[PDB]
Amino acid sequence: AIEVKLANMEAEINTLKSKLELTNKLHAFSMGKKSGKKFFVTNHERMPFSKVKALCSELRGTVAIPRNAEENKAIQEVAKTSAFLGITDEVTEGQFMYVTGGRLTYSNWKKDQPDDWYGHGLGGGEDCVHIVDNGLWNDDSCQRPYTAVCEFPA
Amino acid sequence: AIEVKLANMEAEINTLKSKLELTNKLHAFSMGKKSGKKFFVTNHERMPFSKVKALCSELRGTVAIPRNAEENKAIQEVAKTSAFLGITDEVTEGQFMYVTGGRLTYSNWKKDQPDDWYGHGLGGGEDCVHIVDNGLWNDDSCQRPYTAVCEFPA
Amino acid sequence: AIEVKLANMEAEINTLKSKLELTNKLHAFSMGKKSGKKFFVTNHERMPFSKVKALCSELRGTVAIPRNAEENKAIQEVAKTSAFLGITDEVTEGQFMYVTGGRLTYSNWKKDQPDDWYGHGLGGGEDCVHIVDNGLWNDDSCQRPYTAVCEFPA
Ligand SMILES: CC(=O)N[C@@H]1[C@@H](O)[C@@H](O)[C@@H](CO)O[C@H]1O
Ligand SMILES: CC(=O)N[C@@H]1[C@@H](O)[C@@H](O)[C@@H](CO)O[C@H]1O
Ligand SMILES: CC(=O)N[C@@H]1[C@@H](O)[C@@H](O)[C@@H](CO)O[C@H]1O
Ligand SMILES: CC(=O)N[C@@H]1[C@@H](O)[C@@H](O)[C@@H](CO)O[C@H]1O
Ligand SMILES: [Ca+2]
Ligand SMILES: [Ca+2]
Ligand SMILES: [Ca+2]
Ligand SMILES: [Ca+2]
Ligand SMILES: [Ca+2]
Ligand SMILES: [Ca+2]
Ligand SMILES: [Ca+2]
Ligand SMILES: [Ca+2]
Ligand SMILES: [Ca+2]
Ligand SMILES: [Cl-]
Ligand SMILES: [Cl-]
Ligand SMILES: [Cl-]
């Protein structure tokens with residue numbers, strides 16, 4: 001009976017969806033996702049901010065954005081080196097915003113940053129945000145390549 | 001038509017089952033699973049024993065259990081820090097058992113341990129086991145937060 | 001309703017396919033795959049050449065093959081120790097070839113290697129190739145256990 005066959009296949013599909021969910025949970029765990037916390041990950045590849053957004057978006061995630069001191073540190077430990085944050089002031093110079101929308105609710109710039117420096121030569125100012133090794137931020141050219149770090153929801 | 005479509009979906013479903021199986025195999029390989037052997041995984045998060053148990057169960061695994069000096073070492077190397085073991089004497093004081101049931105067949109107790117100490121001031125004695133320095137065992141309060149290490153079948 | 005149920009099943013299957021692809025992409029990313037580049041993975045297990053071959057085959061990959069200095073470095077980075085490469089002269093002594101076909105082009109032989117040595121006492125000469133710590137190559141017995149490193153398509 002086709003109806004029975006169809007019911008059995010719906011049950012098979014539900015089982016596969018449950019197993020894929022488990023595969024995803026285990027993978028996050030193995031990659032360090034802490035209970036109820038956001039998950040940050042990197043392949044350690046350095047690239048232009050435009051490439052990072054495309055990359056994370058292709059992964060159905062978003063460029064890493066620290067909403068406090070903790071998350072900033074986490075993003076720091078995963079990248080291990082200088083990485084772009086999902087923050088820019090490209091739309092309106094001076095007003096930094098999250099790539100997912102909204103004005104900054106937390107920051108940790110460096111003593112003389114942001115300076116929107118134009119002396120970099122790459123043309124234009126500096127509208128992208130990246131982290132250093134000490135955790136401090138610096139506005140740099142989006143054209144410059146830095147470590148790609150994506151984030152996924154808690 | 002209908003029966004043809006139904007037969008194809010049967011093929012689609014079986015192909016997806018094989019693909020997810022392959023995905024799990026590769027993930028275990030990248031997590032360091034050795035051929036024909038059980039493997040351990042951690043997210044390096046510290047938490048009370050009750051939480052570790054709940055988390056590993058959610059992952060369809062169990063709390064890490066060393067059955068010999070080899071696995072004991074393996075767990076050590078995966079955790080890097082102090083981690084809980086799936087061994088407790090909660091059912092019968094002084095009689096340590098595997099959370100999966102049964103008496104111990106291998107132990108690596110530190111001298112002067114277990115001692116069911118009440119001096120930690122957390123209440124109750126010590127009914128949980130965790131690995132300390134040199135890979136030795138110590139009984140501690142199930143309330144203390146240690147590294148969660150889950151175990152998956154060979 | 002039969003047709004409607006079948007149509008929903010089609011959609012469920014397609015969304016599952018989509019999600020699995022996303023899982024595979026994220027996993028490769030987390031394992032270090034660089035954009036447009038093939039990537040190397042290992043479980044850090046040491047085994048004879050035939051075992052490495054069977055393992056990578058089961059995972060739908062091949063034994064790691066350095067096609068240039070850059071990939072040779074990526075492989076030594078991943079392995080962290082001595083590992084077999086998908087290169088042998090089993091078919092025709094002295095004529096090294098890729099396990100996937102074709103004669104060897106790029107090479108990084110250690111001084112005085114290959115030498116098809118028999119003094120190792122394992123029987124026969126040396127028809128398998130492995131990378132050492134420094135990245136240089138040596139021909140050794142396919143019977144010796146070396147680290148398993150598999151590569152997957154760019
Ligand atoms: C990596 C970094 O800090 N780059 C900054 C650059 O963005 C600019 O602010 C410049 C001032 O002319 O100083 C540099 O240190
Ligand atoms: C030859 C062999 O053992 N292959 C297994 C493979 O089937 C799969 O179980 C994988 C899990 O990561 O581990 C490998 O060791
Ligand atoms: C981490 C650890 O080993 N803690 C133990 C504690 O459980 C208890 O046995 C105490 C006895 O005073 O000694 C400590 O060293
Ligand atoms: C790991 C390694 O390099 N083994 C080589 C061996 O293959 C053989 O060439 C021998 C010659 O005596 O030298 C060894 O160093
Ligand atoms: Ca600007
Ligand atoms: Ca700017
Ligand atoms: Ca700047
Ligand atoms: Ca099809
Ligand atoms: Ca006790
Ligand atoms: Ca104790
Ligand atoms: Ca549905
Ligand atoms: Ca030879
Ligand atoms: Ca040799
Ligand atoms: Cl810019
Ligand atoms: Cl306790
Ligand atoms: Cl050989």
# chains A, B, ... in the order shown; residues from 1 in each chain; ligands from 1
call {"tool": "select_by_dssp", "arguments": {"residues": "chain B", "states": "alpha helix (DSSP H)", "output": "number ranges by chain"}}
result
B: 2-30, 49-58, 69-79
call {"tool": "residues_near_ligand", "arguments": {"ligand": "ligand 13", "cutoff": "8 Å", "atoms": "only C-alpha atoms and all ligand atoms", "output": "PyMOL selection string"}}
result
chain C and resi 113-117+126+138-140
call {"tool": "residues_near_ligand", "arguments": {"ligand": "ligand 15", "cutoff": "8 Å", "atoms": "only C-alpha atoms and all ligand atoms", "output": "NGL selection string"}}
result
:B and (90 or 123-128 or 140-143)
call {"tool": "interface_residues", "arguments": {"of": "chain C", "to": "chain B", "cutoff": "8 Å", "atoms": "only C-alpha atoms", "output": "mmCIF file with N, CA, C and O atoms, in the first residue's frame"}}
result
data_model
loop_
_atom_site.group_PDB
_atom_site.id
_atom_site.type_symbol
_atom_site.label_atom_id
_atom_site.label_comp_id
_atom_site.auth_asym_id
_atom_site.auth_seq_id
_atom_site.Cartn_x
_atom_site.Cartn_y
_atom_site.Cartn_z
ATOM 1 N N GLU C 3 -0.703 13.049 -3.339
ATOM 2 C CA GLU C 3 0.212 13.905 -4.089
ATOM 3 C C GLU C 3 0.802 15.012 -3.226
ATOM 4 O O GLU C 3 1.966 15.372 -3.377
ATOM 5 N N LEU C 6 3.442 13.539 -0.973
ATOM 6 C CA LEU C 6 4.650 13.271 -1.748
ATOM 7 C C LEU C 6 5.420 14.553 -2.036
ATOM 8 O O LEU C 6 6.651 14.548 -2.061
ATOM 9 N N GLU C 10 9.268 15.548 -0.910
ATOM 10 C CA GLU C 10 10.298 16.042 -1.810
ATOM 11 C C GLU C 10 11.000 17.244 -1.166
ATOM 12 O O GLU C 10 12.226 17.312 -1.132
ATOM 13 N N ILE C 13 13.206 16.280 1.884
ATOM 14 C CA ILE C 13 14.440 15.673 1.395
ATOM 15 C C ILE C 13 15.415 16.730 0.882
ATOM 16 O O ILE C 13 16.609 16.686 1.195
ATOM 17 N N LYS C 17 19.109 17.643 2.268
ATOM 18 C CA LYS C 17 20.306 17.645 1.429
ATOM 19 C C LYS C 17 21.080 18.943 1.647
ATOM 20 O O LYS C 17 22.307 18.948 1.789
ATOM 21 N N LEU C 20 22.752 19.081 5.068
ATOM 22 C CA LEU C 20 23.916 18.200 5.142
ATOM 23 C C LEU C 20 25.107 18.854 4.434
ATOM 24 O O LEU C 20 26.232 18.796 4.913
ATOM 25 N N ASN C 24 28.768 19.665 5.977
ATOM 26 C CA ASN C 24 30.055 19.271 5.382
ATOM 27 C C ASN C 24 30.975 20.497 5.179
ATOM 28 O O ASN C 24 32.185 20.434 5.416
ATOM 29 N N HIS C 27 32.293 21.751 8.580
ATOM 30 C CA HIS C 27 33.289 20.829 9.114
ATOM 31 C C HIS C 27 34.641 21.008 8.429
ATOM 32 O O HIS C 27 35.684 21.005 9.091
ATOM 33 N N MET C 31 38.155 22.272 9.993
ATOM 34 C CA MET C 31 39.343 21.426 9.911
ATOM 35 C C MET C 31 40.504 22.132 9.207
ATOM 36 O O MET C 31 41.573 21.542 9.016
ATOM 37 N N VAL C 41 43.610 15.984 6.545
ATOM 38 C CA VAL C 41 43.081 15.636 7.854
ATOM 39 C C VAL C 41 43.744 14.341 8.341
ATOM 40 O O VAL C 41 44.087 13.482 7.537
ATOM 41 N N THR C 42 43.901 14.202 9.654
ATOM 42 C CA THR C 42 44.511 13.003 10.236
ATOM 43 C C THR C 42 43.903 12.708 11.603
ATOM 44 O O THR C 42 43.406 13.620 12.276
ATOM 45 N N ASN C 43 43.925 11.435 12.007
ATOM 46 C CA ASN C 43 43.434 11.049 13.327
ATOM 47 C C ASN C 43 44.670 10.783 14.189
ATOM 48 O O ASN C 43 44.557 10.348 15.334
ATOM 49 N N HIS C 44 45.841 11.056 13.607
ATOM 50 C CA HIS C 44 47.148 10.879 14.246
ATOM 51 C C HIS C 44 47.543 9.427 14.525
ATOM 52 O O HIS C 44 48.460 9.162 15.306
ATOM 53 N N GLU C 45 46.871 8.493 13.864
ATOM 54 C CA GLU C 45 47.153 7.074 14.044
ATOM 55 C C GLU C 45 48.251 6.608 13.081
ATOM 56 O O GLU C 45 48.323 7.069 11.945
ATOM 57 N N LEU C 59 36.813 6.931 3.477
ATOM 58 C CA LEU C 59 36.355 8.292 3.742
ATOM 59 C C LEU C 59 36.120 9.079 2.457
ATOM 60 O O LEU C 59 35.720 10.247 2.503
#
call {"tool": "residues_around", "arguments": {"residues": "residue B:68", "least_positions_apart": "5", "cutoff": "9 Å", "atoms": "only C-alpha atoms", "output": "VMD selection string"}}
result
chain B and resid 73 105 to 108
call {"tool": "write_last_selection", "arguments": {"atoms": "N, CA, C and O atoms", "output": "mmCIF file, in the first residue's frame"}}
result
data_model
loop_
_atom_site.group_PDB
_atom_site.id
_atom_site.type_symbol
_atom_site.label_atom_id
_atom_site.label_comp_id
_atom_site.auth_asym_id
_atom_site.auth_seq_id
_atom_site.Cartn_x
_atom_site.Cartn_y
_atom_site.Cartn_z
ATOM 1 N N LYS B 73 45.401 7.455 29.825
ATOM 2 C CA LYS B 73 46.312 8.415 29.216
ATOM 3 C C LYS B 73 45.576 9.215 28.136
ATOM 4 O O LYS B 73 45.693 10.438 28.061
ATOM 5 N N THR B 105 37.360 -2.437 37.249
ATOM 6 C CA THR B 105 38.257 -3.496 36.808
ATOM 7 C C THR B 105 39.657 -2.909 36.677
ATOM 8 O O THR B 105 40.632 -3.632 36.477
ATOM 9 N N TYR B 106 39.740 -1.590 36.795
ATOM 10 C CA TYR B 106 41.004 -0.879 36.708
ATOM 11 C C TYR B 106 40.900 0.422 37.493
ATOM 12 O O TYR B 106 39.863 1.083 37.469
ATOM 13 N N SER B 107 41.972 0.779 38.196
ATOM 14 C CA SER B 107 41.997 2.003 38.986
ATOM 15 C C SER B 107 43.392 2.615 38.965
ATOM 16 O O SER B 107 44.370 1.933 38.676
ATOM 17 N N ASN B 108 43.474 3.904 39.270
ATOM 18 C CA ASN B 108 44.748 4.608 39.281
ATOM 19 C C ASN B 108 44.709 5.679 40.363
ATOM 20 O O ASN B 108 45.100 6.831 40.147
#
call {"tool": "residues_around", "arguments": {"residues": "residue A:102", "least_positions_apart": "2", "cutoff": "12 Å", "atoms": "only C-alpha atoms", "output": "ChimeraX atom specification"}}
result
/A:65,67,86-89,95-100,104-106
call {"tool": "residues_around", "arguments": {"residues": "residue A:61", "least_positions_apart": "5", "cutoff": "9 Å", "atoms": "only C-alpha atoms", "output": "PyMOL selection string"}}
result
chain A and resi 55-56+150-153
call {"tool": "write_last_selection", "arguments": {"atoms": "C-alpha atoms", "output": "PDB file, in the first residue's frame"}}
result
ATOM      1  CA  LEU A  55      32.475  33.087   3.571  1.00  0.00           C
ATOM      2  CA  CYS A  56      30.575  33.222   6.869  1.00  0.00           C
ATOM      3  CA  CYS A 150      32.519  33.164  11.903  1.00  0.00           C
ATOM      4  CA  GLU A 151      30.018  33.007  14.716  1.00  0.00           C
ATOM      5  CA  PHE A 152      26.959  30.861  15.262  1.00  0.00           C
ATOM      6  CA  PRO A 153      24.115  31.338  17.815  1.00  0.00           C
TER       7      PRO A 153
END
